[PDB]
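One structure is given here, and the rest of the page talks about it.
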Amino acid sequence: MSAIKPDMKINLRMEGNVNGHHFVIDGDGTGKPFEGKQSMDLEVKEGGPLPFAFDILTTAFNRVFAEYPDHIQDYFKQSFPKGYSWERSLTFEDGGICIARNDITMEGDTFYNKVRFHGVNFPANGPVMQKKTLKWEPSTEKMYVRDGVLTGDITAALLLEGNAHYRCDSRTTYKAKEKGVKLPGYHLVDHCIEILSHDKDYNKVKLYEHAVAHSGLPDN
Amino acid sequence: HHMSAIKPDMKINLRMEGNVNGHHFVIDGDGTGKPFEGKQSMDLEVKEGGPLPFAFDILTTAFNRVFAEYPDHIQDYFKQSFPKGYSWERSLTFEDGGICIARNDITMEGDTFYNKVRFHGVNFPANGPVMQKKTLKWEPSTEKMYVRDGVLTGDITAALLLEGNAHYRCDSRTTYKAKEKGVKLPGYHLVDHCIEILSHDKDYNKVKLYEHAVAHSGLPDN
Amino acid sequence: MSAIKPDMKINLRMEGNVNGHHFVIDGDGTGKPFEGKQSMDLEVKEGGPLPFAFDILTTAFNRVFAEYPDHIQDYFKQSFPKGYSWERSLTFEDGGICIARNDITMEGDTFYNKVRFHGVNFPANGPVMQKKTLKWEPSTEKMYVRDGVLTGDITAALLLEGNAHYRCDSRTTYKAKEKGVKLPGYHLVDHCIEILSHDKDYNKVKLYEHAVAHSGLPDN
Amino acid sequence: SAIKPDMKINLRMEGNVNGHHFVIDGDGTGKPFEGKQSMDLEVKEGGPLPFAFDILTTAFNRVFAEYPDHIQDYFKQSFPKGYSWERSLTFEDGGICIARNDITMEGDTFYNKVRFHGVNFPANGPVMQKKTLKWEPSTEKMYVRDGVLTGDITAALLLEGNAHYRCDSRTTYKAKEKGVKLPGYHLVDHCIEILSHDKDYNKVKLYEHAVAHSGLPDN
Ligand SMILES: O=S([O-])[O-]
Ligand SMILES: O=S([O-])[O-]
Ligand SMILES: O=S([O-])[O-]
Ligand SMILES: O=S([O-])[O-]
């Protein structure tokens, strides 16, 4: 019966505009929803080479891939087969601001992802337009309900070249397609995201994420 | 520096496309204005996505700082950006987490400004004034203009008046970029705005918009 | 009914702590409430020389000194003789954060100001700790009521060396001592504050402010 | 060396919130290497407090955090001479607090000189109306910025009626002694609890458990 299979495929299509530069990126990947692990091969179809740091895009490339323990409601696995969508804001400390959307549907063993990404006001001398980012640091997303909608806030950080950090405040709203999907209580989701490999211009990127839901101390 | 080919009476042509809270929309604008008086009007028509499920007011500042009265002692970046034109990018951070970005690519052919506008909004709560259409108007605002990381930047602390005498705060940051080289950057200055929906139909599928803008140096000389 | 005189004396006592550094500063001044003008001689009694930019303190050194038109309700002049108090948050773009308070009273022809100022998290190499500020730019405070309390918001900026700018978001809450003082509608107050003179270490400072309330365009 | 498995905690807080002055004393014990501590708090001046006691609780020492061997422990290495911190708390409704603690150590006791100031809390907000229940368990993101160890938290207060009240916190940590090695980026999980209190929160028992870690997949 279950909509969620142990091994699932990921189909993704992103179109976006950062600082006036339009781009199209396709992703094709696989994942283990119950283990909270997924990997995806990304290919820039339009707008390559990207004039900005690829890292700002990577969290937009599905919380269904997160290990949820029995005592926390899994809103995301409960949202299928119909699916769910999310909206996100990324507020960077130097004034750069991004919003993103993803409409997530499923057919058989495959998730389909319609993603949009727009970023503005990144300074020319900043780490994003200078491509000085190395990776996102491991984060902890704070999950809670606000105005009937499941919300996730993260104090995120990009590691820069020269071992400095670049801060980003992330807010995501998650909405199931189907009515009656039970909202979860407050909890946390640990994230770890990594670009495993890329070509020189990041026209081709292999991406990996691991995520685990928990209740924080002392339950750990 | 050079003659802008900006005439005292200009036409305005505008297509906006956007998505707020998952809802796609296309809106056209046709207007007229007096750049040196800092005044403009425009009739807006929702072409796709009507009727909008959100407050039309959030879009109205996206619907050109050429239409601003600049005194002789403050550099006018925008009129000097023409004939070639300029583009802007904006972030709108509302107090309840709603966040919008917007851009506009502005060009000029003869007597007409052309505006390619894009508007994207996320995270507006369902029972907030935006999704509930509980806004009345923008209050008159004052944009702070300064050069930030080598780019002219406008920061506004704005307020939407709500039904029930309450206000709804929005912080906006706009970055302005001339297309042609050699455009002198201005020093710090202020721009007073007053934007107003003069009339609309019930669903805001048709809207008449008006703006009055005046640049000044603040106290004591203003 | 007012007892606010066209010419008023100003007595001020500030104590505070920025970056762990405690200080006491006294002010002696005069002003013209109905012209919206005031000046003040400031003297650092303890904590001198200040290791931070004096400019961050200057807005803490009374909206009584603002020219209000008849068509705008003057909360501040109406708050006397009993007086009023304000609290303020100053949020700087590099994470430095200040709070301040002033309890304002009137005895005869003199205003007494009990001021407190605390600032934290200023970067060692930012313009505040490095004293790279030149002046506050003239500003426009947005006045409006929030939760039954008069509130003013400012998109403020410090001019720096080289004519760069350092942004500060200022929120003040204004509370009359007497109950029932009628709240004003939305309006603006233009400000221009200046250090007219000072000694090398800013132990002695002559300060000036001009403020004028208005309705914004098209009226002003 | 400097820090014992069992330690005493002596604390004085003096502060002002919404114009209301207060003095709170604290006495407690903790196990630094287990990252646990308890404290009996007494409001000496300003009782009963007209605001939610919860907003003060994180002001009442990252010495009390379990640091694993693979992460530099700036705090335990800061002793015997000690360290200070400054903090901003930015609440979602405009309320803003700053706080400071100078932490010293003589013998088996920590000494804490705490100051706390809060402004712009709305009269019908959860803080002034005392509608908070607790802080939710949190994760502090630790990193260096401009030569100084810095911790950011997206924290939440649980309210009556099951809603939440968001607070963004930034703490700057500074060793008294020079040359203390800065750690690399890491995380600190927190759980803070009022164990017991009287009706007016004049007396409060407070508990914190905290554990440093490297995040997924190494935690
Ligand atoms: O083994 S995970 O780093 O791709
Ligand atoms: O296990 S402690 O949170 O009562
Ligand atoms: O700025 S002063 O000279 O009025
Ligand atoms: O002319 S006024 O109504 O904006």
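All chains are named by letter (A, B, ...) in the order of the sequence lines, taking the proteins before the strands, and each is independently numbered beginning at 1. All ligand and atom numbering here is 1-based and tracks the order in the structure.
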>> Taking 4.0 angstrom as the limit and counting only heavy atoms of A:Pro218, give me the atoms of ligand 2 inside it, by number and element.
In response: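 It comes down to these atoms of ligand 2: 1 (O), 3 (O).
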>> With a heavy-atom distance limit of 4.0 Å, tell me whether C:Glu194 approaches ligand 3 through its side chain, its backbone, both, or neither.
In response: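 Side chain only; the backbone of C:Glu194 stays clear of ligand 3.
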> Is there a protein heavy atom less than 4.0 Å away from atom 3 (O) of ligand 3?
Replying inline: no
>> Using a 4.0 Å cut-off to any heavy atom of A:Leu196, which atoms of ligand 1 qualify?
In response: 4 (O)
> Do NZ/NE/NH1/NH2 and the carboxylate oxygens of A:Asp199 and A:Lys204 come within less than 4.0 Å?
Replying inline: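 Result for this pair is no, no salt bridge flagged.
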> Got a salt bridge between D:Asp40 and D:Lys205, using NZ or NE/NH1/NH2 to carboxylate O under 4.0 Å?
Replying inline: yes
> Nearest 0.5 Å, what's the OG-NE2 distance between B:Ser217 and B:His73?
Replying inline: 2.5 Å
> What pairs of residues pass the salt bridge (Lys or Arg N to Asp or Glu O under 4.0 Å) test when at least one of them lies in residues 132-145 of chain A, not counting sequence neighbours?
Replying inline: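 Sorted result for residues 132-145 of chain A: A:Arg63-A:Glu141, A:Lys135-A:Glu137.
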